[PDB]
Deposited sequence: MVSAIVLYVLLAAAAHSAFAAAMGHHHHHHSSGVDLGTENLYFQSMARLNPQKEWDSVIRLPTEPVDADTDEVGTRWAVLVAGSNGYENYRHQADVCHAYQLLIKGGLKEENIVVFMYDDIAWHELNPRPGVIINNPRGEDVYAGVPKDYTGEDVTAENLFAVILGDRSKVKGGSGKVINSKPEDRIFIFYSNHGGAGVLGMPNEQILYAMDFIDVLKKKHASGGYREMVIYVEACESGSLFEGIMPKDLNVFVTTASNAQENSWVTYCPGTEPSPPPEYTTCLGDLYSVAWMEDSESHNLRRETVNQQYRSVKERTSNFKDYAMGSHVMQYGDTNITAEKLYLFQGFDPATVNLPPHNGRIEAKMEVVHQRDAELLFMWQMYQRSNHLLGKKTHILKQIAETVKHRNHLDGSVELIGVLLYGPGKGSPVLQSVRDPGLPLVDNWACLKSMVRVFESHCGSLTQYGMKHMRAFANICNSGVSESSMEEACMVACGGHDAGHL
């Protein structure tokens, strides 16, 4: 059969360099293993390589050894074409449902295998897509069920790098889809960022933005340092789990989770990632929170400048925007449930194995009502997704949500 891949960075902006850095590295890794470019679909906004802030124009690196991963990466879905609708259409393999981009899709055969890697921001039940778009977990599950029902592949492996990424599959990912999944974190942890300005191991001094993400570089640097005809999917999961746990210090690391068909863990990794003919034959990392890396970048910029006050006022606006969202959400909880019960309700985490939300259509509706009244969530606002899900689960009506949002905003 034929090995296919879909690589997605869900973010843009130079502050988010790392997510397209991850995706570009994954592309070069798969090419080195003998996957063909026509079978690898790359979603990247593509604003990094030639960004005015990039100290190495035309180059993207993904770890402090500084090897370029940008050259040769195809422009399949870039800019405005990096959408959930295009991602869903690529996975289904129906070129007629794609809007824009190259038209490359996963029009795979029943004997083929597929490898999907996503890297950016997220929250409970949701994944980010560039310019304020949100991808809801259940729609992603639905695409996998549809693809499976059309006999489009033999097996699939999915790696997801994002905050709270366990919540995209817990209680909803079927095990009969020949799909195996791992996530950087459990349903409630955040995801961690590595190779940042000011940490060890040191990125090259000219960089003001972080180079990679902990779970992502963990699996990629593990793959490229091993013979993939011998390493199993399970061995990579084990190695990635230990490295991402960062010496089992969950204040500085997270729990890598697995979902779906665990029988796939017995398979050799080359069936999914190819094999590199040259591969024949640790310290605690200083990491930062995915949600904190943006401000660390603006602060790196502030400290290195002389317009110095323009950056500061932009830091002020960013924090103030976050405070507005955090407060609006907290106040909605107060108006709906009272003080002393609003935060318990909004912030309670369901037991592992249960779905985040019982009505996914309600979740989208609460987000819609919120944003109509309180403004756009942004990428940062996905941190409030569990709060909206908990409003849904509480049986509070959409009519009462409307009233609370109008009072709050």
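Enquirer: Numbering from 1, run down the deposited sequence and write out every stretch that has no C-alpha in the structure.
Expert: Deposited residues absent from the model fall in 1 to 73, 355 to 362, 388 to 391, 495 to 502.
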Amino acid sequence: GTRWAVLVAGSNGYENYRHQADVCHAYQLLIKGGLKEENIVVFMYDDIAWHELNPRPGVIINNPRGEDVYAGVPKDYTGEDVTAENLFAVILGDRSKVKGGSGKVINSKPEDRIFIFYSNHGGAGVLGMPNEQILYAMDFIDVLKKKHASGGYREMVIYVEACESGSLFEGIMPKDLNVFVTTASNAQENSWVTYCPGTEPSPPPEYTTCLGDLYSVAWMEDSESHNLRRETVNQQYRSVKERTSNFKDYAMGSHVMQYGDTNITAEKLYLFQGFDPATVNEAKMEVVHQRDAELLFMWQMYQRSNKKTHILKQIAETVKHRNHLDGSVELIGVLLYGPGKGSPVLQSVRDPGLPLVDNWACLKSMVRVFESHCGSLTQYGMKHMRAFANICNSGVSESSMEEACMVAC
From here on, numbers count along this sequence of modelled residues.
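Enquirer: Between 271 to 279 and 104 to 112, name whichever shows the higher mean Cα B factor according to the PDB entry.
Expert: The deposited B-factors put 271 to 279 ahead on the C-alpha mean.
Enquirer: Looking only at CA atoms, which has the higher mean B factor in the entry: 246 to 254 or 87 to 95?
Expert: Higher mean C-alpha B-factor: 246 to 254.
Enquirer: Specify which of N120, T182, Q236, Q133 carries the largest Cα B factor in the deposited PDB entry.
Expert: Each of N120, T182, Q236, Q133 was compared by C-alpha B-factor; the highest is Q133.
Enquirer: Select one of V157, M301, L214, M129: the residue whose C-alpha shows the highest B-factor in the crystal structure entry.
Expert: Highest CA B-factor of the listed options: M301.
Enquirer: Where does the C-alpha B-factor of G327 rank in its chain, lowest, middle or highest third?
Expert: For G327, the deposited C-alpha B-factor lands in the middle third.
Enquirer: Could you look up the Cα B-factor of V334 in the entry and say which third of the chain it sits in: lowest, middle or highest?
Expert: For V334, the deposited C-alpha B-factor lands in the middle third.
Enquirer: What third of its chain, lowest, middle or highest, does the C-alpha temperature factor of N12 fall into?
Expert: For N12, whose C-alpha B-factor we compare with every modelled residue in the chain, the answer is the middle third.
Enquirer: For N190, does the deposited CA B-factor place it in the lowest, middle or highest third of the chain?
Expert: Middle third.
Enquirer: Going by the recorded CA B-factors, say which third of the chain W219 sits in, lowest, middle or highest.
Expert: According to the entry, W219 has a C-alpha B-factor in the chain's lowest third.
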